[PDB]
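Student: Pasting a structure here, questions to come.
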Amino acid sequence: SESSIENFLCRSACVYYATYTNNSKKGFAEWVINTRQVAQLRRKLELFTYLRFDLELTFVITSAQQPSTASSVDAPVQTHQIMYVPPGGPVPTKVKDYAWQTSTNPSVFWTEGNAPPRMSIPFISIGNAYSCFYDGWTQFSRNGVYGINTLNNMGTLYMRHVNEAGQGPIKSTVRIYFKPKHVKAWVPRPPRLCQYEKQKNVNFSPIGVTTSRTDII
Amino acid sequence: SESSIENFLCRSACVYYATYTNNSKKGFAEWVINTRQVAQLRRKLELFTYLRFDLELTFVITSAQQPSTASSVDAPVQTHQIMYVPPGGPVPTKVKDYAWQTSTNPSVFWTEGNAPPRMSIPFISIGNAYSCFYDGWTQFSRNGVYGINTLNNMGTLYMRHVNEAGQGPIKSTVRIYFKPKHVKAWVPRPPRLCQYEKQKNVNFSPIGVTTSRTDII
Amino acid sequence: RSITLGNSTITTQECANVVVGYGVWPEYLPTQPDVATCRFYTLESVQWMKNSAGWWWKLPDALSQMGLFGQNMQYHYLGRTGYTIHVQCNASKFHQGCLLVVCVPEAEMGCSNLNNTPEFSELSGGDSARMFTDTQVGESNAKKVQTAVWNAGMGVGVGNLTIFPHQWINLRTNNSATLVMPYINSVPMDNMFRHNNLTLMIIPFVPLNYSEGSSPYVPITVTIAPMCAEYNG
Amino acid sequence: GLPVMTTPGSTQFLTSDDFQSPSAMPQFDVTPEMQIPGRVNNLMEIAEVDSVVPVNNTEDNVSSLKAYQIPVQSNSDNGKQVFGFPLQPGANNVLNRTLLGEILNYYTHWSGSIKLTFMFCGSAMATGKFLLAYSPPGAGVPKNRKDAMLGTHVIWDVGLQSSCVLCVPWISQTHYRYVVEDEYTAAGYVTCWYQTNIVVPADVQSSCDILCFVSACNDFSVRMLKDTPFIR
Amino acid sequence: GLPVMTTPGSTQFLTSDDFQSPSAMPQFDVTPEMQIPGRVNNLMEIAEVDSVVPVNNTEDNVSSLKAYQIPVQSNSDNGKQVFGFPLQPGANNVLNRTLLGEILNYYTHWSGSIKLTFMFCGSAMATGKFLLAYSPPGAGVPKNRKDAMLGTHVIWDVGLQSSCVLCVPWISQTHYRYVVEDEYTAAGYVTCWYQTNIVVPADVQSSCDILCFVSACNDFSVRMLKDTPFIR
Amino acid sequence: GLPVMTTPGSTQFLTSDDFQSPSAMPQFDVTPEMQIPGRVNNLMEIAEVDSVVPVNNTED
């Protein structure tokens, strides 16, 4: 029963790691949600063609004092905003922007020294299953690029400090965790042989089938 | 079922943002509760004439060390007071005033580093429904100004530091969130075309009906 | 024997074994056609020579120029169709070889240049077999499909291709193959000018070999028949 | 006391939660409800009423009441077009600022039908005939009256009936085709054609006008709310 | 209020827990399920299908389709070996990249059986005989046909049957012996031997080939998942 | 939400407690028990067997 689909895929994996400082006026994080980021979880999810799962994310945020000038740098506790843009929503560009303050981008606000901020996303897609492989062009668009399938779009995530600060600069890292839940899988698939070259496509270089030996006997 | 009245209006929206420093002797926040502050929530609430809803507010308070003089600025945790004046109550003017200490202005006291301080206001009005649009003059007054309707008065909010401080000045921001609850709506209305000019009235400049095209065929 | 659909007739053996998809028969749920679309569209024959490598047909594009099915697609884009594929090669008892006949759903393919992505005239030829090569397509080309046979064009090992619904053609003992594929897609009715939801591959594992004097080719004949089709008009 | 254990995601403010809350003013005894007429239970009741479509935008009639009227006269040319508008959604079409198009810009995916009532606001003595032709997505705009006749059409007698109803579908997503490109061919058209001229008695004016309404025929299906683009 | 008491291990993130979580998007009404064919309920259904084993690696056939074919001819030497491969797991054996060996590298302890179907892809007129000998763990590789006959063997008639099935066990752990050391003696071998020559008519080619498949005979028993070594 | 109130002695580690604990490896399916002979249920069974007393210590 350790070879079930749930016990094979319901795990956790650090999928992103980004830093953002509070004073540089271009410091805020950004991650487009996909599965093709880490090469060890991508290979387990590409054994099936159609998948359907809930999602569950947990963020592990730290901080570090950057070297200020002088005269008793003291600081209160910090608070972070972790915004979730749904598929087809507005997108920030600066750290001070309208698109943070909107009403259908459900943020979470979280202060230091507490439990980490877990939030759960349901299965959001217009279709009936996510498709790991799509042979065809970009549907519902005027110009199409091969094998994109804009219907398995899951969202984006944006993070920033909500504390203004003047005395000491503070940079902060984040480690987004990732966990499928209630997984259903259809149409199995052979396991990938060659190395993963890029992220958006299945391009490869051809390699031999297996490891050589000196004779057949 | 995503076109219900509750699922269209029970959302959250940052409606105010103000700062207050603890030492300047005129630093304390103030917000008169209305709906006409943000232009994206005002347009959704003006599709109906009469509304009736509970309210639910949540405050996201931070801090920032202002540059003091010297010699080891250290500070304990801070505590804030968030007072709610009902419609027809006393109103502070200075940060040290009697009207903070009164008994029918229900405050909340909250220290840093905890969960944010949510409080809920019921439907408080003498009438039976809030009116987004009122054609007529100010009832129950000696002199009347057009389209005011003093019966949909919801209150005021005031915030300040309850910690005296001498070493390092501390300024603090606040983001009041806003969420209707158990919404009932009556008498629908066409959606607003022209730009919102001012807050107290429905004055406008006349604009065309729709976007032009080069021919009718 | 002597099965007939519309105005077309083929003949198969009665003691044949047909493999049916993932265990399910194609069935209806929209305008339902059965008037000039339920007939056997015989594609032209390819010749299995000695130094051959393989062939692939993208499935709802090979029938896009064939008849009124090729005109039902132009006036009705959305639709959901099953299939039925007969492949039979006719070689004598003095030839030898072995073919693998798979049907690969969502066979996304790789490019020769690593950055780019392949074009339409290299993915699918309408009613014409595109063929693998036993060599490596070099990276100097711009948009060409990486058609090395042992990686099956998809970066995956060609031995493991038997997880898809397949059938072996062994010229010592067998002659034909029959595949019944149902409708496999995420959305219930998809576009059809931008989505090739099946791919029929024929790959020779053990090559053709014969003595001197025999016919130096063996022709393979593919017959596709859209069963349980519909559209949205 | 009792042993508890706080999970991750505990002291956080998720701005789309549903928890209880302490009431800031108890003991108040709020005023009870009153039967006010016209209660909206759903936003698909603002959609089912019908509003007038500004078919005649034309770059200087938009700041006027001439944007709503389609001009109709009696000319000397046998067979011509009265109007025609596409159905490609969002891209500045005429059904955008109407009472239906202001709701469906608060959503991202919607799919349903449309009623399109017309009305001949001309004299009571004028008589004629009109073609109301709908081109399905994929088929182009018709160019003659004859090939507009061969598609889907309802031939409208003015003297017998002063209002015609033409029910079409309308989908948020437009299925393009890979090779043939044009700004709106896979959307549809609701173009209309002069079948006969307008024959009128003496001492009656010939130049009439037509109004055009839009509604929702059956119930829609909207999903994934967002914010409208009709704001600064 | 109510008295509680927080135990140790309370505000911690254990990355293998199972707690509830607040949903980031309620009120959404997700799209319901659809009957898509071919549902995988367990990873022991990818294992039961059979794939072709690259028995003929040989240092320059690995980038080809010649790695899958075992060459068979008709020589002038009475009794010789066709092929032979060990069963020592993990250490670069031929069943490693197959459809079974890609699942069992996601685990650490597994134990079960194996089907090994063969297939003679030669002419329909050629006739011969083959020995299929399995040496159990502890017994060495056989060196003659005679002592290969005395072990476990299935003698395969080519003209009567074009496919033979030989079912062996395969265990993750190899019980070594203390004194006698060799790289794989306590693993097994599936070596195969020429019983007779290949007798063929005129105008038929003599050099044939053999394919070899592998599967899982009964159900396996895997435990303690890990990550695969087939990555950078 | 629900109102609670944390008593004294709450975030402490008393090294002789008995509380539940989150399992670090779920979904594992451990190996079941086997009848191994000679099960000790109590330390008063090591005592009831008899051993020889060194009565004759005597320094060498």
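Ordering of the structure tokens sets the chain letters (A, B, ...); residue numbers start at 1 within each chain; ligands are numbered from 1 in the order shown.
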Could you give me, as CSV, every chain E residue with an atom at most 12 Å from chain F, plus its closest atom pair and distance in Å to one decimal, counting only C-alpha atoms, rows ordered by chain then number?

Tutor:
```
residue,atom,partner,partner_atom,distance
E:1,CA,F:4,CA,5.1
E:2,CA,F:4,CA,4.4
E:3,CA,F:5,CA,4.6
E:4,CA,F:6,CA,4.8
E:5,CA,F:10,CA,4.5
E:6,CA,F:10,CA,4.9
E:7,CA,F:11,CA,6.2
E:8,CA,F:13,CA,6.2
E:9,CA,F:21,CA,7.5
E:10,CA,F:11,CA,8.6
E:11,CA,F:11,CA,10.2
E:12,CA,F:22,CA,10.4
E:13,CA,F:22,CA,10.6
E:14,CA,F:24,CA,7.5
E:15,CA,F:24,CA,8.5
E:16,CA,F:24,CA,6.5
E:17,CA,F:22,CA,7.2
E:18,CA,F:22,CA,9.2
E:19,CA,F:22,CA,10.4
E:107,CA,F:28,CA,11.9
E:221,CA,F:29,CA,11.1
E:222,CA,F:29,CA,10.3
E:223,CA,F:28,CA,7.4
E:224,CA,F:28,CA,6.7
E:225,CA,F:28,CA,8.9
```

Student: Quick one: pick out all strand (DSSP E or B) residues within chain C from a backbone DSSP run and write them as a VMD selection string.

Tutor: chain C and resid 3 to 5 8 to 10 19 to 20 41 to 42 46 to 47 55 to 58 79 85 to 89 96 to 103 111 130 to 131 133 145 148 156 166 to 170 176 to 180 190 195 199 to 209 219 to 224 231

Student: Using only C-alpha atoms, find each residue in chain A having at least one atom no more than 6 Å away from chain E; report its shortest atom-to-atom pair and that distance in Å (one decimal), rows by chain then rising number, as a Markdown table.

Tutor:
```
| residue | atom | partner | partner_atom | distance |
| --- | --- | --- | --- | --- |
| A:3 | CA | E:43 | CA | 5.3 |
| A:4 | CA | E:42 | CA | 4.4 |
| A:5 | CA | E:42 | CA | 5.4 |
| A:115 | CA | E:11 | CA | 5.0 |
| A:119 | CA | E:22 | CA | 5.7 |
| A:120 | CA | E:23 | CA | 4.7 |
| A:121 | CA | E:24 | CA | 5.4 |
| A:185 | CA | E:40 | CA | 5.8 |
| A:186 | CA | E:39 | CA | 4.3 |
| A:187 | CA | E:38 | CA | 5.1 |
| A:208 | CA | E:63 | CA | 4.2 |
| A:209 | CA | E:62 | CA | 5.5 |
| A:212 | CA | E:59 | CA | 4.8 |
| A:213 | CA | E:58 | CA | 5.3 |
| A:214 | CA | E:58 | CA | 5.4 |
| A:215 | CA | E:58 | CA | 5.3 |
| A:216 | CA | E:56 | CA | 5.6 |
| A:217 | CA | E:83 | CA | 4.7 |
```

Student: Save the residues we just selected, C-alpha atoms, as an mmCIF file, in the first residue's frame?

Tutor:
```cif
data_model
loop_
_atom_site.group_PDB
_atom_site.id
_atom_site.type_symbol
_atom_site.label_atom_id
_atom_site.label_comp_id
_atom_site.auth_asym_id
_atom_site.auth_seq_id
_atom_site.Cartn_x
_atom_site.Cartn_y
_atom_site.Cartn_z
ATOM 1 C CA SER A 3 2.662 1.983 -4.078
ATOM 2 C CA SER A 4 -0.663 3.801 -4.130
ATOM 3 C CA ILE A 5 -1.017 7.007 -6.112
ATOM 4 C CA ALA A 115 3.769 29.289 12.950
ATOM 5 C CA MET A 119 -2.917 28.338 2.658
ATOM 6 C CA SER A 120 -4.681 25.838 0.398
ATOM 7 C CA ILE A 121 -5.753 26.311 -3.230
ATOM 8 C CA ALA A 185 -4.164 10.233 -12.274
ATOM 9 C CA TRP A 186 -5.090 8.937 -15.721
ATOM 10 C CA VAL A 187 -3.358 7.512 -18.822
ATOM 11 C CA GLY A 208 21.702 5.873 -25.560
ATOM 12 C CA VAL A 209 19.134 3.497 -24.164
ATOM 13 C CA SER A 212 27.001 -0.516 -21.933
ATOM 14 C CA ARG A 213 28.703 -3.809 -21.124
ATOM 15 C CA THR A 214 31.661 -5.448 -22.776
ATOM 16 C CA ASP A 215 29.954 -8.495 -24.346
ATOM 17 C CA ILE A 216 26.585 -10.165 -24.707
ATOM 18 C CA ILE A 217 27.527 -13.421 -22.952
#
```

Student: If we count only C-alpha atoms, which residues of chain C reach to within 7 Å of chain D? Please list them as an NGL selection string.

Tutor: :C and (75 or 191 or 193-194)

Student: Restricting it to C-alpha atoms, dump the selection as a tab-separated table (two decimals), in the first residue's frame.

Tutor:
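Output contents, as saved in again_3.tsv:
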```tsv
chain	number	residue	atom	x	y	z
C	75	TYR	CA	-17.63	23.76	-41.00
C	191	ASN	CA	-10.82	22.39	-30.77
C	193	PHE	CA	-7.63	22.66	-35.80
C	194	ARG	CA	-5.14	23.06	-32.95
```

Student: Within 12 Å of chain B, which residues of chain A are there when counting only C-alpha atoms? Please give them as a VMD selection string.

Tutor: chain A and resid 69 to 81 98 to 115 161 to 169

Student: Restricting the output to C-alpha atoms, write the selected residues as a tab-separated table (two decimals), in the first residue's frame.

Tutor:
```
chain	number	residue	atom	x	y	z
A	69	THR	CA	25.31	53.20	8.97
A	70	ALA	CA	25.35	53.82	12.76
A	71	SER	CA	23.53	54.88	15.92
A	72	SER	CA	21.55	52.02	17.44
A	73	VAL	CA	19.61	50.23	14.72
A	74	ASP	CA	16.56	48.85	16.52
A	75	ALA	CA	13.57	47.27	14.85
A	76	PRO	CA	10.10	45.98	15.74
A	77	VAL	CA	8.64	42.73	14.45
A	78	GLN	CA	8.12	42.48	10.70
A	79	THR	CA	5.00	41.59	8.74
A	80	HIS	CA	4.80	40.12	5.24
A	81	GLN	CA	2.03	40.02	2.63
A	98	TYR	CA	-2.72	49.32	-6.96
A	99	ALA	CA	-2.73	45.60	-7.77
A	100	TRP	CA	-1.72	44.69	-4.22
A	101	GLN	CA	-4.77	46.41	-2.71
A	102	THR	CA	-7.39	44.69	-4.85
A	103	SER	CA	-10.19	42.52	-3.55
A	104	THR	CA	-10.02	39.24	-5.49
A	105	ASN	CA	-6.31	38.62	-4.83
A	106	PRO	CA	-6.57	36.89	-1.45
A	107	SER	CA	-3.49	37.80	0.59
A	108	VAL	CA	-2.26	36.51	3.93
A	109	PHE	CA	-0.56	38.77	6.45
A	110	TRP	CA	1.88	37.21	8.86
A	111	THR	CA	4.21	38.48	11.59
A	112	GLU	CA	7.52	36.96	12.64
A	113	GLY	CA	7.94	34.37	15.35
A	114	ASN	CA	4.70	32.46	14.78
A	115	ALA	CA	3.77	29.29	12.95
A	161	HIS	CA	7.21	43.73	3.37
A	162	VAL	CA	4.31	45.79	4.66
A	163	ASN	CA	6.56	47.60	7.15
A	164	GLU	CA	8.20	50.78	6.05
A	165	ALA	CA	11.70	51.08	7.44
A	166	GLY	CA	14.33	53.76	7.60
A	167	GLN	CA	17.05	52.75	10.03
A	168	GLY	CA	18.28	49.30	9.07
A	169	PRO	CA	17.80	47.50	5.77
```

Student: What are the residues of chain A that have an atom within 9 Å of an atom of chain F, counting only C-alpha atoms, as a compact mmCIF listing (two decimals) with C-alpha atoms, in the first residue's frame?

Tutor:
```txt
# COMPACT_ATOMS: atom_id res chain seq x y z
CA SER A 1 0.00 0.00 0.00
CA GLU A 2 3.06 2.20 -0.30
CA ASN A 7 1.38 7.72 -1.11
```
